[PDB]
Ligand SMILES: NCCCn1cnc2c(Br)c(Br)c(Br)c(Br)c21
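Presented as structure tokens, the chain that follows is alone, the form deposited without the ligand.
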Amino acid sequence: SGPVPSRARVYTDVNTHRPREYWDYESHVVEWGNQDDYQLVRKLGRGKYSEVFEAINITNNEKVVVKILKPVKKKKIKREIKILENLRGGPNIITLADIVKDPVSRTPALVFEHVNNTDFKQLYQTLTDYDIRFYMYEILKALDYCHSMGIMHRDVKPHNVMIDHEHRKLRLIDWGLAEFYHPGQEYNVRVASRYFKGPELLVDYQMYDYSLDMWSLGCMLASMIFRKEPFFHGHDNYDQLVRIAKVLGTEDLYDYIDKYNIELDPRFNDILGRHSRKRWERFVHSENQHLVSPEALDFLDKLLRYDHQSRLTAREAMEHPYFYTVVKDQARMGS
């Protein structure tokens, strides 16, 4: 017929057995707070669908943060509230403070907890083996949990992970992109930042799963231990799947699309080529070899693989040998 179906190995039917409400945010209603409850202060960062400042809940003077959702559809706005709410109270799953709106502009405004996120220029500039392993683990914790609740992020990236290095606390953000995983469901492949997109997205394969978060993750680790922000640095959208291929190889790629008979926009045809699958030992400059470990590599290689079904999952990544040292010190995993 054309492209071949696929599905999710774990948490494969969470949403299924859950209520219509849990997943149908389209028909979700918001319980707004009060604008006056908190006022602005200093600007933190810009987005494309929103602007983020640092405010303060005047009702107590507690440093709060405020994202202001720029006009979009009632959709992308709701599928960020509902999601956010089902996850809040989750581990490392950024707590959703509250929702308000410009009394006049009727403009939307999100509120979360505060986080002294150390910028990365510092982070990937003074982290050591453990740190990474450690943090990489805390992240999975989140992914596993949101996956548990049957939700995928679709926008994982350094940009979206608040790190309180002083407080070894870490939280994930921007749930605007995350959606729900439903069996055999096609989603939009125009998600995630360029440098962090998955192959399924680079080849218009619209029926992916949580596995997507994993790729984007693998990317992060690469750039990290190897120290190349980002590791897959392409110009356009097509030069991304190109850089990617100049590393995992070309073969496993074609074999992928084959395994799924997918309409590969003929454009690539002359852009990819023929490439060997470089042995990671190629990205070990003198300046990073102290982050580079065999389990490290190994672990990585088990995410960075064209087929989305072949990437390790939450729980799985979490049980790899890279993490051992880390989880050991988890005297009571679950308690």
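Under this definition, the rigid core comprises the largest set of C-alpha atoms superposing within 1.5 Å between the forms. Only residues modelled in both forms are compared. When you see a residue number, it is the position in the sequence shown, counting from 1.
Item to check | Stretch exceeding the other in mean C-alpha B-factor - 120 to 128, 75 to 83 | outcome: Per the deposited B-factors, the answer is 75 to 83.
Item to check | Between 35 to 43 and 55 to 63 (mean CA B-factor, as deposited), the higher | outcome: Per the PDB record, 55 to 63.
Item to check | Residue selected from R171, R133, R106, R227 by maximal Cα B factor | outcome: By C-alpha B-factor in the record, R106 ranks first.
Item to check | Maximum C-alpha temperature factor, selected from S27, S293, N288, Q309 | outcome: Highest C-alpha B-factor among the listed options: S27.
Checklist entry - What third of its chain's C-alpha B-factors does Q240 belong to: lowest, middle or highest? => result It belongs to the middle third of the chain when residues are ordered by C-alpha B-factor.
Item to check | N188 CA temperature factor, ranked by third within the chain | outcome: Top third by C-alpha B-factor.
Next on the checklist: When the deposited Cα B-factors of this chain's modelled residues are ordered and cut into thirds, is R267 in the lowest, the middle or the highest one?
Outcome noted: Top third by C-alpha B-factor.
Item to check | Position of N261 among the chain's modelled residues by C-alpha B-factor, lowest, middle or highest third | outcome: Its C-alpha B-factor, which the entry lists for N261, ranks in the highest third among residues of this chain.
Checklist entry - How does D164 rank on Cα B-factor within its chain, lowest, middle or highest third? => result Ranked within chain, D164 CA B lands in the middle tercile.
The same protein also has a form deposited with the ligand bound, omitted here; what follows describes it.
Checklist entry - Hey, in the deposited complex, does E113 get a heavy atom within 4.5 angstroms of the ligand? => result It does: once the ligand is placed as it appears in the deposited complex, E113 has a heavy atom within 4.5 Å of it.
Checklist entry - Within a 4.5 Å heavy atom cut-off, is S148 in contact with the ligand in the deposited complex? => result Contact with the ligand, no.
Checklist entry - Is there a non-hydrogen atom of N117 within 4.5 angstroms of a non-hydrogen atom of the ligand in the deposited complex? => result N117: contacts the ligand in the deposited complex.
Next on the checklist: If we define contact as a non-hydrogen atom of the residue within 4.5 angstroms of the partner, is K67 a contact of the ligand in the deposited complex?
Outcome noted: Yes, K67 lies within 4.5 Å of the ligand in the deposited complex.
Next on the checklist: Just to confirm, with a 4.5 Å cut-off on non-hydrogen atoms, which of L143, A245, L212, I173 contacts the ligand in the deposited complex?
Outcome noted: Comparing distances to the ligand in the deposited complex, the residue within 4.5 Å is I173.
Checklist entry - Among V284, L304, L297, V52, which has at least one heavy atom within 4.5 Å of the ligand in the deposited complex? => result By the 4.5 Å heavy-atom cutoff, the listed residue in contact is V52.
Checklist entry - All three of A8, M207 and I257 touching the ligand in the deposited complex at 4.5 Å, heavy atom to heavy atom? => result The answer is no; none of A8, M207 and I257 reaches the ligand.
Item to check | Segments displaced between this form and the one not shown (3 or more residues, each Cα shift of 2 Å or more, core-superposed) | outcome: Only this run moves by 2 Å or more: 46 to 50.
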